[PDB]
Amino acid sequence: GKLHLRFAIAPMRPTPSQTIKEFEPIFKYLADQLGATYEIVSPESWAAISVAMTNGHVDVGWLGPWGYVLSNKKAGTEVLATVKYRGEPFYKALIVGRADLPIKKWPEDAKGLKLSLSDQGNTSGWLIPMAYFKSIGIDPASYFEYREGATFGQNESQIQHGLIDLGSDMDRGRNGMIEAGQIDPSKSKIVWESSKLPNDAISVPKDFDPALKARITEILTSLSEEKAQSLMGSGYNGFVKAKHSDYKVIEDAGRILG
């Protein structure tokens, strides 16, 4: 009897291969603490990891907030901990624009511009920006030359190459792209930034072994910032214990949008 764990991680970096290269060590560390073998995947979209957890393909998943909320609703998926970025279990959604885009009367001067949002499982990339536009009576699909389903990597690349005017991103991902030399920040600017959102949910299925649940939570939340950072992409530096009600702001946004 060798314990085996199926892991999955959301799109922290622009490609699955970059995500796995940078973030696999925390998963290896976790498995080693348990004496477990493991396997790992990083689906291209935020919805896809939510679906994978819901459909019973994942033992421990690092899901985006809305991905977790959706999976908890559909399948009773449980959040054990929230990831820390720069020491905090929060982040912000962004709408990024071309550097030369006129935005003094944003978004009332933006009708007909090319806007790219992410997949419908993406908290900062889809849910939160849709909630913003709906709060001010804008229907993005009719208001903009609108595209849905892009990755954050695609949005930032398209903005920098002048192929779209506006695209969603998350602050932690944009920071990492700048730091990796993947974005030239002089070619784009932040047009809108959300209020704080709870960070990603380390999640397990409803019927996950209680003893393992407890052990996993303790292993991740006891990590020092230095050790956590040594195992993950730049900026990601630990985990805090979490429960469902920590995701209330996201659940509320999803309700408002139907």
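The first residue of the shown sequence is 1; numbering continues from there.
Two stretches are in play, 36-44 and 66-74, and the higher mean C-alpha B-factor belongs to 66-74. Relative to its counterpart among 241-249 and 8-16, 241-249 has the higher mean temperature factor, C-alpha atoms as listed in the PDB entry. Highest C-alpha temperature factor among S194, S230, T221, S203, as the PDB entry reports it: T221. Comparing the listed residues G173, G167, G112, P129, the entry records the largest Cα B-factor for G112.
Ranked against the other modelled residues of its chain, the C-alpha B-factor of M53 as given in the entry falls in the middle third. For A214, the recorded CA temperature factor ranks within the highest third of the chain's modelled residues. Sorting the modelled residues of the chain by their CA temperature factor places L94 in the lowest third.
When the modelled residues of the chain are ordered by their C-alpha B factor, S157 lands in the highest third.
Among all modelled residues in its chain, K105 ranks in the middle third by Cα B-factor.
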